[PDB]
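Working notes, structure below.
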Amino acid sequence: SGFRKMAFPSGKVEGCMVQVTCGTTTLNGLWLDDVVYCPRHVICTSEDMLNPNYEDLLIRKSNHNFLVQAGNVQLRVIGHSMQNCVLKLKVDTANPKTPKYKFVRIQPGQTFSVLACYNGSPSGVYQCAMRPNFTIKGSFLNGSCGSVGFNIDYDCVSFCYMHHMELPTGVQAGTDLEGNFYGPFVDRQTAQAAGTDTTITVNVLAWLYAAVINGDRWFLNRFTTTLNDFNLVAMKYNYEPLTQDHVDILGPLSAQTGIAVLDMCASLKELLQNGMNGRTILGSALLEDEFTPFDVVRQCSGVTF
Amino acid sequence: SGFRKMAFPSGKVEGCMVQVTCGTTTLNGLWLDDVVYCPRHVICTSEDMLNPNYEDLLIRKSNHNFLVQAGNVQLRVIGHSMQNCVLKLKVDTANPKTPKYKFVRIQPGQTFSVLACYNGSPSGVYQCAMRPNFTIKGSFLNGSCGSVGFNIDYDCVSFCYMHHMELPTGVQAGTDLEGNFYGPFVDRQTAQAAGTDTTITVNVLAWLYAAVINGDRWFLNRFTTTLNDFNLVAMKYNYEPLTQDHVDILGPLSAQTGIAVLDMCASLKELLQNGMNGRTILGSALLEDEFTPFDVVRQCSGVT
């Protein structure tokens, strides 16, 4: 028993992290086969970042402007190109540690592991959720850019995130590995509005089920509710509306615990309306929304890789 | 900016995890050089765990009774021995993925990363603290036994923990890599007293400094205090007494923030006495004590 925010083992990704330097700027790159992926803003100076014409800036750059380092080994850049907001640096050597991988665009409310790096060296690993407003509440200092997010499905590493920037509000924004930003954000140093950040309702419920499975059941009430009536209450507290798809996803957890989803919703309703009265659930004094139903199942069944 | 509970990259440890089987029992082992380390209770059945004579049980066993599997590769066991509560199985092949490593016995209140495994395969990774009462609040299912805890200092992996059991209270107990239990716990299925779990005061303070560094400053009051007077308040709320060594450790964070340690103590004093009034600090509604001062510095300076 016990329940923790848990990241995927990072070994397969560690072997793909490199250092990319262009001028003064140094950040992280992902080395898969004979290609290094990094944020395209590596080519910019602090001034350029205000209003960069990336096409024009990229034209001025040559292969020899890009210093790519894997540990102590220096890779030879034999070509460079731009796919949306990601730079693809072609190198002469294929990464022999390249794992079975895919690029996926993940949905808001889904989770992934982030391998935080600095100068191409892995620093740490932690589990993140893509917020409904397409930001991430991560931990990123200067030179953390190009650190990637991933899931591991059996043998396959599914890269889903690359960090590009911190917004003035102190949250992070990034792209998928095809270089399309999550949300409305762009890779320029201007004021960008993050939207209203709602709570991921389906995740909170999954966490409540995890609580029950681990013998934390104090919040279980006698009441039930309907989807409609629950969502009325959810809207008030800036919770994602709950759909039947969401209800369906929770089925396995419902079946394990013997607690119907709508009964759990009624428990959640009371917690939102009355608070926790200074109690905890799984050692937390607020409702956690960064565990998916699949995360809870994964942890409670003990799936390995 | 931003501040997260962060584990060390697990790659170097993943290459050392193996499956150890003895009879019906299967659990995890640590393969370093030509030696495999695992919990000695691998030799026990469910019945035996009530009151095991490990010496006697071990006598019945021979080298060939220990099945050691690394991925698909089966290792040949050429010797076995018992060191405290750990089994040391000598194998014919040195682990070619053996990193630079050390065995360390960590102090209560220090942190480490745990690589949770099942049947010798890595499942996940998370950051833990050794509680003052020598337990850990982890996440361990059946067959998670032998999963290890570690720190990484530049190139060197410092193994500090091996999981042995869950206590009836739902927390975990284990040993260092020489097989000595942290705290008073033993490897038998009996009721064992966990003891009062105090809060790691120096860690809470480090976290408060991290909060300030990330611009979360609402809890900063006008008051100050003394060590003695603070500790009087600490004792009341089951907080570890704060020492001058603790004060000294916080110096870099004090210097970065411009907030004297005793001023921070006074802020903490008010939070203990008045609560948080339903507010948060770094996205948490309670005081976090599983970040060391080193952890905070590591994250805020961006060490690899």
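A note on labels: chains of the structure tokens are A, B, ... as shown, every chain counts residues from 1, and ligands are counted from 1 in their shown order.
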
Dump as JSON lines the rows for residues of chain A within 7 Å of chain B: closest atom pair and distance in Å with one decimal, only C-alpha atoms counted, ordered by chain and rising residue number.
{"residue": "A:1", "atom": "CA", "partner": "B:140", "partner_atom": "CA", "distance": 5.5}
{"residue": "A:2", "atom": "CA", "partner": "B:139", "partner_atom": "CA", "distance": 4.2}
{"residue": "A:3", "atom": "CA", "partner": "B:139", "partner_atom": "CA", "distance": 5.0}
{"residue": "A:4", "atom": "CA", "partner": "B:139", "partner_atom": "CA", "distance": 6.0}
{"residue": "A:5", "atom": "CA", "partner": "B:126", "partner_atom": "CA", "distance": 6.8}
{"residue": "A:6", "atom": "CA", "partner": "B:126", "partner_atom": "CA", "distance": 5.2}
{"residue": "A:7", "atom": "CA", "partner": "B:125", "partner_atom": "CA", "distance": 5.3}
{"residue": "A:8", "atom": "CA", "partner": "B:124", "partner_atom": "CA", "distance": 4.8}
{"residue": "A:9", "atom": "CA", "partner": "B:124", "partner_atom": "CA", "distance": 5.2}
{"residue": "A:10", "atom": "CA", "partner": "B:10", "partner_atom": "CA", "distance": 5.7}
{"residue": "A:11", "atom": "CA", "partner": "B:11", "partner_atom": "CA", "distance": 3.5}
{"residue": "A:14", "atom": "CA", "partner": "B:11", "partner_atom": "CA", "distance": 6.8}
{"residue": "A:117", "atom": "CA", "partner": "B:304", "partner_atom": "CA", "distance": 6.8}
{"residue": "A:118", "atom": "CA", "partner": "B:304", "partner_atom": "CA", "distance": 6.3}
{"residue": "A:121", "atom": "CA", "partner": "B:304", "partner_atom": "CA", "distance": 5.7}
{"residue": "A:122", "atom": "CA", "partner": "B:304", "partner_atom": "CA", "distance": 5.8}
{"residue": "A:123", "atom": "CA", "partner": "B:304", "partner_atom": "CA", "distance": 4.0}
{"residue": "A:124", "atom": "CA", "partner": "B:8", "partner_atom": "CA", "distance": 4.6}
{"residue": "A:125", "atom": "CA", "partner": "B:7", "partner_atom": "CA", "distance": 5.1}
{"residue": "A:126", "atom": "CA", "partner": "B:6", "partner_atom": "CA", "distance": 5.2}
{"residue": "A:137", "atom": "CA", "partner": "B:2", "partner_atom": "CA", "distance": 6.9}
{"residue": "A:138", "atom": "CA", "partner": "B:2", "partner_atom": "CA", "distance": 5.8}
{"residue": "A:139", "atom": "CA", "partner": "B:2", "partner_atom": "CA", "distance": 4.4}
{"residue": "A:140", "atom": "CA", "partner": "B:1", "partner_atom": "CA", "distance": 6.0}
{"residue": "A:141", "atom": "CA", "partner": "B:1", "partner_atom": "CA", "distance": 6.0}
{"residue": "A:170", "atom": "CA", "partner": "B:1", "partner_atom": "CA", "distance": 6.0}
{"residue": "A:285", "atom": "CA", "partner": "B:285", "partner_atom": "CA", "distance": 5.4}
{"residue": "A:286", "atom": "CA", "partner": "B:285", "partner_atom": "CA", "distance": 6.4}
{"residue": "A:302", "atom": "CA", "partner": "B:141", "partner_atom": "CA", "distance": 6.9}
{"residue": "A:303", "atom": "CA", "partner": "B:123", "partner_atom": "CA", "distance": 6.0}
{"residue": "A:304", "atom": "CA", "partner": "B:123", "partner_atom": "CA", "distance": 4.0}
{"residue": "A:305", "atom": "CA", "partner": "B:122", "partner_atom": "CA", "distance": 5.9}

Using only C-alpha atoms, please write the residues we just selected to a file, as a short mmCIF file (atom, residue, chain, number, x, y, z; two decimals), in the first residue's frame.
data_model
loop_
_atom_site.label_atom_id
_atom_site.label_comp_id
_atom_site.auth_asym_id
_atom_site.auth_seq_id
_atom_site.Cartn_x
_atom_site.Cartn_y
_atom_site.Cartn_z
CA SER A 1 0.00 0.00 0.00
CA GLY A 2 0.87 3.72 -0.02
CA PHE A 3 0.30 6.15 -2.89
CA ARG A 4 2.86 8.63 -4.36
CA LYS A 5 3.21 10.99 -7.33
CA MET A 6 5.39 8.66 -9.42
CA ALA A 7 7.31 9.25 -12.63
CA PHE A 8 8.25 6.69 -15.28
CA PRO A 9 11.81 5.23 -15.13
CA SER A 10 13.94 7.75 -17.08
CA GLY A 11 16.81 5.51 -18.29
CA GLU A 14 18.61 9.84 -20.36
CA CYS A 117 18.05 18.72 -17.74
CA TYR A 118 20.68 21.50 -17.77
CA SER A 121 22.73 16.41 -18.37
CA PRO A 122 19.67 14.87 -16.61
CA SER A 123 19.03 16.66 -13.29
CA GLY A 124 15.79 15.08 -12.08
CA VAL A 125 12.46 13.49 -12.93
CA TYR A 126 8.84 14.28 -11.86
CA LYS A 137 3.14 23.63 -13.34
CA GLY A 138 6.70 22.33 -13.55
CA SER A 139 10.17 23.27 -12.31
CA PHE A 140 12.38 24.93 -14.94
CA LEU A 141 15.44 27.21 -14.47
CA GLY A 170 5.50 31.52 -13.47
CA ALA A 285 -4.87 18.92 2.62
CA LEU A 286 -6.29 19.72 -0.86
CA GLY A 302 2.05 -2.63 -10.19
CA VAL A 303 2.76 -2.41 -13.93
CA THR A 304 6.47 -2.43 -14.92
CA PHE A 305 8.58 -1.57 -18.02
#

request  = Give the strand (DSSP E) residues of stretch 56-276 of chain B, as DSSP finds them on the backbone, and put them as a VMD selection string.
outcome  = chain B and resid 66 to 70 73 to 75 77 to 83 86 to 91 101 to 103 111 to 118 121 to 129 148 to 153 156 to 166 172 to 175

request  = Apply DSSP to the backbone of this structure and, from stretch 31-193 of chain B, keep only the residues in helix (DSSP H, G or I); write these as a list in words.
outcome  =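 After running DSSP on the backbone, stretch 31-193 of chain B has helix (DSSP H, G or I) at residues 40, 41, 42, 43, 48, 49, 50, 54, 55, 56, 57, 58, 59, 60, 63, 64 and 65 of chain B.
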
inquiry  = Would you pick out the contacts of residue A:287 at 12 Å or less, using only C-alpha atoms, so that residues sharing its chain but fewer than 5 positions from it are not included, and give the list as a list in words?
reply    = residues 199, 200, 201, 202, 203, 204, 205, 206, 207, 208, 211, 219, 239, 268, 269, 271, 272, 275, 276, 279, 280, 281 and 282 of chain A; 283, 284 and 285 of chain B

inquiry  = I'd like the neighbourhood of stretch 259-262 of chain A as a ChimeraX atom specification, where a residue qualifies if any of its atoms comes within 8 Å (using only C-alpha atoms), though same-chain residues fewer than 6 positions away should be ignored.
reply    = /A:224-227,247,250-251

remark   = The distance between atom CA of residue A:113 and atom CA of residue A:157 is 10.8 Å

request  = Find the residues near residue A:173: any atom within 10 Å, counting only C-alpha atoms, skip ones fewer than 4 places away on the same chain, and give them as a count of residues only.
outcome  = 21
